[PDB]
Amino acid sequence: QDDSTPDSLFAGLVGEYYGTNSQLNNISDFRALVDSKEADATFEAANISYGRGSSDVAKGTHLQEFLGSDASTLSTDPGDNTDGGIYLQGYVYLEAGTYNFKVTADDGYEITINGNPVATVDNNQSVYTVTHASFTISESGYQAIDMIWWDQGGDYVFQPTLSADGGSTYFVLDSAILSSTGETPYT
């Protein structure tokens, strides 16, 4: 807790959606958009496996389709934009050990854990899956996590899967392990 407002506790990350009619080319562009204004919509990111879809995430009802099971928590239905993306932040329960992300995306993204980037694509791309380098968690518990992802137009997809067993199996980040505040969620 960092201010005088109570924060919703749920088994998910705090999600913000931002749209723009400018071009998003890279992580810096999307982060500047996030910085420039209040979110166009907020939502609870409880099942982080979004898309695939076509014909721009920022148009029509494409954001709702993309977010699927998390769209029922949208604060509003944003108007049309050409480009858009999401900023997620909260906590993820991880035991101490070694992990790595494998992320399928169109366009780019960046995931950080405890302040350190652990999966980065700093450019636009048609759908592509990267197996990222491993990282360590030093102490079991809720780890701080944030993510950004965007769509510059066209197709869109975002599924960042995590392995705890050296890339033999991967899981989606969902309500089993996510927390909005770092307290234990019970529903």
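Residue positions are given as counts along the sequence shown, with the first one as 1.
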{"query": "Between 133-141 and 158-166 (mean CA B-factor, as deposited), the higher", "finding": "133-141"}
{"query": "Higher-B stretch (mean Cα B-factor, as the entry records it), 3-11 or 178-186", "finding": "3-11"}
{"query": "Top Cα B factor in the deposited entry, candidates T61, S55, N124, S49", "finding": "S55"}
{"query": "Per the PDB entry, maximal CA B factor within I111, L94, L74, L88", "finding": "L94"}
{"query": "Chain-relative CA temperature factor third for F30", "finding": "middle"}
{"query": "Chain-wide C-alpha B factor ranking for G79, given as lowest, middle or highest third", "finding": "middle"}
{"query": "Third of the chain's Cα B-factor distribution that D151 belongs to, per the entry", "finding": "lowest"}
{"query": "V118 - Cα temperature factor, lowest/middle/highest third of chain", "finding": "middle"}
{"query": "Modelled-residue ranking by C-alpha temperature factor, third containing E44", "finding": "lowest"}
